[PDB]
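Trainee: Protein chains in written order, with the deposited numbering: chain N, 1 to 649; chain I, 18 to 69.
1) Residues of chain I with CB closer than 8 Å to the CB of residue 7 of chain N, please, in chain order.
2) Got a sec: which bits of the stretch 18 to 44 of chain I sit with their beta carbon under 7 Å from any beta carbon on chain N, in order along the chain?
3) In whole angstroms, what is the alpha-carbon distance linking residue 195 of chain N and residue 178 of chain N?
4) Would residue 39 of chain N count as contacting chain I if we go by Cβ distances under 9 Å?
5) What do you get for residue 426 of chain N, buried or exposed, if any count of 16 or more other CB atoms within 10 angstroms of its CB means buried?
6) Is there at least one Cβ from chain I nearer than 9 Å to residue 633 of chain N's Cβ?
7) Given a limit of 7 Å on CB to CB distance, which residues of the stretch 266 to 289 of chain N reach chain I?
8) Let's test the definition: count the other Cβ atoms within 10 Å of the Cβ of residue 565 of chain N and tell me whether it reaches 16, buried, or not, exposed.
9) State yes or no: is the C-beta of residue 231 of chain N within less than 9 Å of the C-beta of residue 90 of chain N?
10) Starting from the C-beta of residue 627 of chain N, find all residues in its chain whose C-beta is less than 6 Å away, skip the five residues before and the five after it, and write them out in chain order.
11) Give me the Cα-Cα distance between residue 420 of chain N and residue 477 of chain N, rounded to the nearest whole angstrom.
12) Taking residue 304 of chain N as part of the beta strand (DSSP E), name the residues at either end of that continuous run.
13) Give a yes or no on whether the C-beta atoms belonging to residue 685 of chain N and residue 498 of chain N are separated by under 9 Å.
14) Could you tell me the boundaries of the alpha helix (DSSP H) in which residue 221 of chain N lies?
15) Quick one: is residue 372 of chain N buried, meaning 16 or more other Cβ sit within 10 Å of its Cβ, or exposed?
16) Got a sec: which bits of the stretch 301 to 314 of chain N sit with their beta carbon under 9 Å from any beta carbon on chain I, in order along the chain?
17) Starting from residue 384 of chain N, trace the alpha helix (DSSP H) in both directions and tell me its first and last residue.
18) Using a Cβ cut-off of 7 Å, pull out every chain I residue sitting near residue 51 of chain N, in sequence order please.
19) Going along chain I, which residues have a C-beta under 7 Å from residue 11 of chain N?
20) Once you ignore the five residues that flank residue 245 of chain N on each side, which residues in its own chain have a CB closer than 7 Å to its CB?
21) Does chain B have any CB closer than 9 Å to the CB of residue 41 of chain I?
22) I want to know whether the stretch 38 to 48 of chain N touches the stretch 338 to 354 of chain N - three or more CB-CB distances under 8 Å.
23) Just tell me which of N/343, N/83, N/145, N/64 has its CA closest to the CA of residue 76 of chain N.
24) Counting only runs that start and end within the stretch 86 to 165 of chain N, where is the alpha helix (DSSP H) found for 4 or more residues in a row?
25) Within the present structure, is the beta-carbon of residue 426 of chain N separated from the nearest heavy atom of the ligand GTP by less than 8 Å?
26) Could you check the C-alpha separation between residue 186 of chain N and residue 171 of chain N for me, to the nearest Å?
27) Our contact map puts residue 207 of chain N next to residue 108 of chain N with C-beta atoms below 8 Å; I'd like the distance itself, whole angstroms only.
28) Keeping to the same chain, check which residues put their C-beta closer than 7 Å to that of residue 632 of chain N; ignore five residues upstream and five downstream.
29) Mapping the DSSP letters down to three states, classify residue 276 of chain N as helix, strand or coil.
30) Please classify residue 6 of chain N: does DSSP put it in a helix, a strand, or coil?
31) Which of helix, strand or coil does DSSP assign to residue 31 of chain N?
32) Just the C-alpha distance for residue 444 of chain N and residue 438 of chain N, rounded to the nearest angstrom, thanks.
33) Cα-Cα, which of N/188, N/555, N/329 is closest to residue 507 of chain N?
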């Protein structure tokens, strides 16, 4: 049941406006509203508060940027009431430290990466050119080149002085150090011809490709012998900066987010010169908290607890769910989709009354239930450890309250798969073979079975009729509920569409069961009379056309509930056949390679577990999502999501 | 009573706009009285000086 969501109107003076918006934002259970057009101004806030707002946003952005620079992630904490320039003196030195160190070490890694890849060719050409460092007669064209194609680049030197003009590659065969030395203009033109044959001079950034090679090689030796020490020390100092700055910086981040949220919501008011007024929405189970919070102020400044205006002109109303706590943890599973419109039916209790009971009819293996109970006790130990669940393969990081809801749905699901593993009679596929624990008359060993599910002459017609019968109950409940919601708002087309689909569907079902099912064509024909008469009456008193092609898809939606028995038989006899092959070919072939067949059947059984339990877990909830939720509407105008004053904490 | 609250705030806001214009008339009325008394005092002072 959606909460009735009353209206809250307040007024007063403006210093008290900021103070009561503080006291309303600390107890954050209220939604806001613009309230522009009548008798008040749009409330351009203040110039000095605008400067304070943009400075607070700069504080928040700088703190979060410092934190992401530090490498950790931004979680809230409890804030601290302290002065703004005190927050500046808290923010700026650690920001200066981390910013100077992330300049220093990142440019150090740049210089170290450009150094270590080119130490040895540079030192090699320095030992080769120790008779001419920067002598003013002949430039030294360096080219760290490929393998033994030295004549292809030395053809330019052959075009140059052949009995002179020393150009070769001595050693260091990772890259052949083709050095060329003749003159200034001779080496320039021969370097142009060698670049036409493919060549390039060592002109890099930093100090190597901007200075003479001897002293630059000495500087590269200096950086190679110095830089890992600074690597280790700057990692140590950033670790210390993390461990003794992250708490206070994310605390002031929480404070800054609170201040920015309050000031940006402060413009949602309406005032002139001797007072303001604002409007908001409060759910009805939040009235004593807001009442005692607003009892603090000046002369208990005047509240208007309006009962909200009704379903006409009601699209701007926020929506919540408010379900009893036995059905509570499916709110995320019903809120993957959109939200209702405050006057649409609360859809959430039917998924606890149906979905685990359908998943039991999907999965009828006691071994699957025991493995689910094992992962459930693991996952409840994980919420005992209070760790957020993280996996970077899926980039799935999520908080332990969702994980506790997952514990609840997993337990409330695994009970029904236990009881439908009992009734269907399958232990881990089929381990009734050795110990005949389940009683069929072909090998009666122990307690009987209710339905065998491996053969179809005994099972298929009964199970397929019950699988259609659940869809009959579901779809008739959905169409009756749409007729109810059309009866509520005094909107008549929804009522006619609901009663028309109901009459047409029961008429088609009666005609099917009569003229294609059994004998006794006498009693049901009056029901066919009634059903098609109601359908024609609806189309005549409706004029809401193109329902006539929908009734075929509507029978499709009442009939598409075969898939629960379909994947039930599929997964059931698949598991039974796998354990049958493994158990038989292990036991009756060898009698001591039985552990070989047992563990390979176990690992293939867990393989098909891991490879199709996602699919036949997804099937009942898509059955709900595309039959039942779309019968009674639920896909119109998206509602409006209730977000209160946060106070992020 | 949201419409009543907006109506009451509009009535307030109007009544003290009237208070504000009454205040800015009254202050200038005090200014006119003060300058009239000052010019009368200067005239009496120079008349006493010329008679003496």
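Cβ coordinates follow ideal geometry from the N, Cα and C atoms, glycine included.
Mentor: In this structure, then:
1) Locating residue 7 of chain N in the first chain gives position 7, where the first residue counts as 1. Those within 8 Å of residue 7 of chain N in chain I are 19.
2) 18, 19, 22, 23, 26, 27, 29, 30, 33
3) As a first step, residue 195 of chain N is located in the first chain; it is residue number 195 there, counting from the start. As a first step, residue 178 of chain N is located in the first chain; it is residue number 178 there, counting from the start. Cα to Cα, the separation comes out at about 12 Å.
4) For the purposes of this step, residue 39 of chain N is taken as the residue at position 39 of the first chain. Yes - at least one Cβ of chain I is within 9 Å of the one on residue 39 of chain N.
5) Taking the first residue of the first chain as 1, we reach residue 426 of chain N at position 426. With 16 or more Cβ atoms within 10 Å of its Cβ, residue 426 of chain N is classed as buried.
6) Residue numbering aside, residue 633 of chain N sits at position 633 when the first chain is read from its first letter. Not closer than 9 Å to any Cβ of chain I, the Cβ of residue 633 of chain N fails to qualify, so no.
7) 272, 273, 274, 275, 277, 279
8) Along the first chain, one-based indexing puts residue 565 of chain N at 565. Per the 10 Å Cβ criterion, buried.
9) Stepping through the first chain from its first residue, residue 231 of chain N is reached at position 231. Stepping through the first chain from its first residue, residue 90 of chain N is reached at position 90. Not a contact, by the Cβ cut-off of 9 Å.
10) Counting from 1 along the first chain, the entry for residue 627 of chain N is found at position 627. 557, listed in sequence order.
11) Stepping through the first chain from its first residue, residue 420 of chain N is reached at position 420. Stepping through the first chain from its first residue, residue 477 of chain N is reached at position 477. In a straight line, the C-alpha of residue 420 of chain N is about 24 Å away from that of residue 477 of chain N.
12) The residue labelled residue 304 of chain N in the question sits at position 304 within the first chain. Looking at the DSSP string, the run of the beta strand (DSSP E) that includes residue 304 of chain N is 304 to 306.
13) Since the first residue shown for chain N is 1 and the last is 649, residue 685 of chain N is missing from the structure and cannot be characterised.
14) Looking up residue 221 of chain N in the first chain gives position 221. Its alpha helix (DSSP H) spans residues 213 to 243.
15) Locating residue 372 of chain N in the first chain gives position 372, where the first residue counts as 1. Residue 372 of chain N should be labelled buried.
16) 302, 304, 306
17) By 1-based counting over the first chain, the position of residue 384 of chain N is 384. Looking at the DSSP string, the run of the alpha helix (DSSP H) that includes residue 384 of chain N is 366 to 384.
18) What you label residue 51 of chain N is simply residue 51 of the first chain in a count that begins at 1. Near residue 51 of chain N there are no residues of chain I at all, since even the closest Cβ is about 27 Å away, more than 7 Å.
19) Along the first chain, one-based indexing puts residue 11 of chain N at 11. Here the neighbours are 22, 26.
20) The residue labelled residue 245 of chain N in the question sits at position 245 within the first chain. Closer than 7 Å at the Cβ level, and outside the excluded window around residue 245 of chain N, lie 94.
21) Protein chains N and I are contained in the structure displayed, whereas chain B is not.
22) no
23) Mapped onto the first chain, residue 76 of chain N falls at position 76. When only C-alpha atoms are compared, the closest one is N/64.
24) 120 to 128, 150 to 159
25) Only the bare structure without any ligand can be found here, which leaves the ligand GTP out of the picture.
26) Taking the first chain and counting its residues from 1, one reaches residue 186 of chain N at position 186. Taking the first chain and counting its residues from 1, one reaches residue 171 of chain N at position 171. Straight-line Cα distance between these residues: approximately 25 Å.
27) In the first chain, the residue the question calls residue 207 of chain N occupies position 207. In the first chain, the residue the question calls residue 108 of chain N occupies position 108. Actually they do not touch by this definition, with Cβ atoms about 14 Å apart.
28) Within the first chain, numbered from 1, the residue matching residue 632 of chain N stands at position 632. The residues are 345, 478, 481, 482, 485.
29) Taking the first chain and counting its residues from 1, one reaches residue 276 of chain N at position 276. It is a strand residue.
30) Within the first chain, numbered from 1, the residue matching residue 6 of chain N stands at position 6. Strand at residue 6 of chain N.
31) Walking along the first chain from the start, residue 31 of chain N turns up at place 31. Residue 31 of chain N: strand per DSSP, three-state reduction.
32) Here the question's residue 444 of chain N lines up with position 444 in the first chain. Here the question's residue 438 of chain N lines up with position 438 in the first chain. For residue 444 of chain N and residue 438 of chain N, the distance between alpha carbons rounds to 7 Å.
33) The residue given as residue 507 of chain N occupies position 507 in the first chain. For the residues N/188, N/555, N/329, the minimum Cα distance to residue 507 of chain N belongs to N/555.
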